[PDB]
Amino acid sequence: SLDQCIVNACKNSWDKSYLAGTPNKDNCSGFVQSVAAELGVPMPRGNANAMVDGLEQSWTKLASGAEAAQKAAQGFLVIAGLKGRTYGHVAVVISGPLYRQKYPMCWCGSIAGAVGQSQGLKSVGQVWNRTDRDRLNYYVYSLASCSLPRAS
């Protein structure tokens, strides 16, 4: 349950517009920027390719989709990302069962529409094409953004 703050940030960010006039549900990078902003996590600016460039330079990379879900379950912000020839994609990994015992659940927006959108119910292995889903990078932030359970 330690990823609840991240899930809450995803829910809140879904209907926000990080770039004015562009719903985050239709903008993968904007969606992640709004989630990170609520959590107080500094992020690289720009589109998905630019965000992945920045994370590659500064964040720890996890070994697997399984490890990504595990870190999310400990309250860490974990971003799945992959650069593209014309457009990349980024998503927030959350705790939950692994699709095909490999691919974690995620939240993400996308200009592509429904295929690239997930409100926690699609895995990264269904959002990304079969030829991409084993090529994903999983970046984890250096501290856990989520908090202690309620004291009372």
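Between two forms, the rigid core is defined as the largest C-alpha subset superposing within 1.5 Å. One rule holds for the numbers: they count along the sequence shown, beginning at 1.
Asks: Superpose by the rigid core: which stretch, 8-16 or 137-145, shows more Cα shift in 7 other deposited structures of this protein?
Replies: Evaluated in 7 other deposited structures of this protein, the stretch farther from the shown form is 137-145.
Asks: Between 114-122 and 25-33, which has its CA atoms farther from the current form in 7 other deposited structures of this protein, using a rigid core superposition?
Replies: When 114-122 and 25-33 are compared in 7 other deposited structures of this protein, the bigger C-alpha shift is seen for 114-122.
Asks: Which of the two stretches, 1-9 or 142-150, shows the higher mean Cα temperature factor in the record?
Replies: Stretch with the greater average CA B-factor: 1-9.
Asks: On mean Cα temperature factor in this entry, is 55-63 or 87-95 the higher one?
Replies: Looking at the recorded C-alpha B-factors, 55-63 comes out higher on average.
Asks: Select one of 119, 101, 123, 34: the residue whose C-alpha shows the highest B-factor in the crystal structure entry.
Replies: In this record, 101 carries the highest C-alpha B-factor of the candidates.
Asks: Taking the values exactly as deposited, rank residue 130 by C-alpha B-factor within its chain and report the matching third: lowest, middle or highest.
Replies: Its C-alpha B-factor, which the entry lists for residue 130, ranks in the highest third among residues of this chain.
Asks: Among the modelled residues of this chain, does the Cα B factor of residue 109 put it in the lowest, middle or highest third?
Replies: Its C-alpha B-factor belongs to the lowest third of this chain's values.
Asks: Could you look up the Cα B-factor of residue 137 in the entry and say which third of the chain it sits in: lowest, middle or highest?
Replies: It falls in the bottom third of the chain.
Asks: Among the chain's modelled residues, which third holds the C-alpha B-factor of residue 43?
Replies: Its C-alpha B-factor belongs to the highest third of this chain's values.
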